[PDB]
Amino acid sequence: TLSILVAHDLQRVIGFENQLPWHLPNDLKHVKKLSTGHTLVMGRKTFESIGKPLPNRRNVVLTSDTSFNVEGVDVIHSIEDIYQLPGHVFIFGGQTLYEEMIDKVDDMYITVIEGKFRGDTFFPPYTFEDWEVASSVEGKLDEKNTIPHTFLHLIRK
């Protein structure tokens, strides 16, 4: 299975200057629960904003750099190598990868942040006329999670 895993706001912002615009601990639990024991595929810039691989799952980084080597990170060099990865594979970022993958994915796991942030990175446009709502669950507000957010699981028509 090939899925997108993404958090984006009301205008589809996903990033500002190598950072997530928002601080949402609930969405990071959701990412852990969802992708533990599986594979995360990310572009080189996404990997570098994080800085280390996330424990307890395959970290796959797409890049053209033949020197690129990091402990605990497998490297791929074309979009086509993604389809050769065994298991449940989550496209984890960033903008350019989503742009390349959005038409090919089975499945989308979207956290909609009900806010409007300044950003420089965006998730590509999409219509619900292409996606069925498998589930929509409101995240719970908090001292720690202070921004409204909804977990969507969309599957392609």
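Sequential numbering from 1, following the sequence displayed.
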| query | finding |
| --- | --- |
| Which of 66-74 and 90-98 has higher mean CA B factor, as the PDB entry lists it | 66-74 |
| Stretch exceeding the other in mean C-alpha B-factor - 6-14, 143-151 | 143-151 |
| Largest Cα B-factor, entry values, listed residues 41, 31, 113, 108 | 31 |
| Deposited CA B-factor, highest of 119, 124, 37, 53 | 53 |
